[PDB]
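Colleague: So that we are looking at the same thing, I have put the structure below in structure tokens.
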Amino acid sequence: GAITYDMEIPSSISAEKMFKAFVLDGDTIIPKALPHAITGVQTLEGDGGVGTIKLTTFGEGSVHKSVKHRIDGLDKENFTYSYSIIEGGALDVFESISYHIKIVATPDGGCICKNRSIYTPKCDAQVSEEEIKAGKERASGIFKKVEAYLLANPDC
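Structure, rendered in structure tokens:
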């Protein structure tokens with residue numbers, strides 16, 4: 002089938018600005034969030050919206066130098082965001098890789114932000130604990146460097 006793993010994050014930035022900083026503005030913030038194994042991020046479409054394609058590229062300790070993914074869906078009623086890997090070396094081991102954020106407000110001027118990944122094998126791979134734990138540290142780094150970017154620069 003397809004296997005999946007999740008994490009939940011308390012945040013104070015607005016749910017739109019959170020995902021905007023997380024991948025749309027991710028051109029600097031994702032490199033700064035994972036400065037060892039990531040080296041760069043770039044857009045490959047009319048940006049920001051659904052059906053935007055995005056490059057992400059990698060450094061030391063890395064199985065593949067690059068991957069491409071899409072901004073796949075967004076639902077600002079309960080701010081769910083889909084984003085999915087479409088080509089590049091992550092799909093050498095896997096048939097498809099995908100991701101799911103969910104964001105809802107609090108009574109305290111913030112948000113609760115859940116994040117998740119989905120891995121579809123070529124009917125063989127088990128999914129490695131390495132990307133479960135690195136996925137936590139990488140997504141955490143983004144949710145921290147995004148709030149620190151918007152601490153310095155909320156006017157964007």
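Note that the UniProt record's numbering numbers the sequence shown so that position 112 is 113, with each residue one more than the last.
By construction, the Cβ of each residue, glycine as well, lies at the ideal position given by its N, Cα and C atoms.
(1) In the DSSP assignment, find the alpha helix (DSSP H) that holds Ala149 and state where it starts and stops.
(2) If you reduce the DSSP assignment to three classes, tell me which class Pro11 lands in.
(3) Can at least three beta-carbon pairs, one atom from the stretch 13–25 and one from the stretch 120–130, be found at a separation below 8 angstroms?
(4) Are the beta-carbon atoms belonging to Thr40 and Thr58 less than 7 angstroms from one another?
(5) If I follow the unbroken beta strand (DSSP E) through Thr29, where does it start and stop?
(6) Can you grab the Cα-Cα spacing for the pair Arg71 / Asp109, in whole Å?
(7) Quick one: give me the first and last residue of the alpha helix (DSSP H) that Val51 is part of.
(8) Between which two residues does the beta strand (DSSP E) containing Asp156 stretch?
(9) Can you tell me which of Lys66, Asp76 and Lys115 puts its alpha carbon nearest to the alpha carbon of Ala91?
(10) Using beta-carbon positions only, say whether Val147 and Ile54 come within less than 7 angstroms of one another.
(11) Do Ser63 and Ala38 have their beta-carbon atoms positioned less than 7 angstroms apart in this structure?
(12) Using DSSP's beta-bridge definition, name the partner residues of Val105.
Modeller: Let me lay it out:
(1) Taking the sequence shown and counting its residues from 1, one reaches residue 149 at position 148. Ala149 -> alpha helix (DSSP H) spans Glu130 to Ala153.
(2) The residue labelled residue 11 in the question sits at position 10 within the sequence shown. The answer is strand: DSSP assigns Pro11 an E or B state.
(3) no
(4) Along the sequence shown, read from residue 1 onward, the residue named residue 40 stands at position 39. Along the sequence shown, read from residue 1 onward, the residue named residue 58 stands at position 57. Contact flag set, yes.
(5) As a position in the sequence shown, residue 29 is number 28, starting the count at 1. First-last for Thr29: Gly27 to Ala34, but that is the alpha helix (DSSP H), not the beta strand (DSSP E).
(6) Numbered from its first residue, the sequence shown carries residue 71 at position 70. Numbered from its first residue, the sequence shown carries residue 109 at position 108. Rounded to whole angstroms, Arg71 to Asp109 spans 32 angstroms at the Cα level.
(7) Position 50 of the sequence shown, counted from the start, is the residue given in the question as residue 51. Counting along the chain, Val51 falls outside any alpha helix (DSSP H), and DSSP gives it neither H nor E.
(8) On the sequence shown, position 155 is the one that residue 156 refers to. Note, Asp156: premise wrong, no beta strand (DSSP E); not H, not E.
(9) Translated into positions along the sequence shown, residue 91 becomes position 90. The option with the nearest alpha carbon to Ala91 is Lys66.
(10) Here residue 147 refers to the residue found at position 146 of the sequence shown. Here residue 54 refers to the residue found at position 53 of the sequence shown. No, they are not a contact pair.
(11) Taking the sequence shown and counting its residues from 1, the one referred to as residue 38 is at position 37. Taking the sequence shown and counting its residues from 1, the one referred to as residue 63 is at position 62. Contact: yes.
(12) Stepping through the sequence shown from its first residue, residue 105 is reached at position 104. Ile113, per the DSSP bridge assignment.
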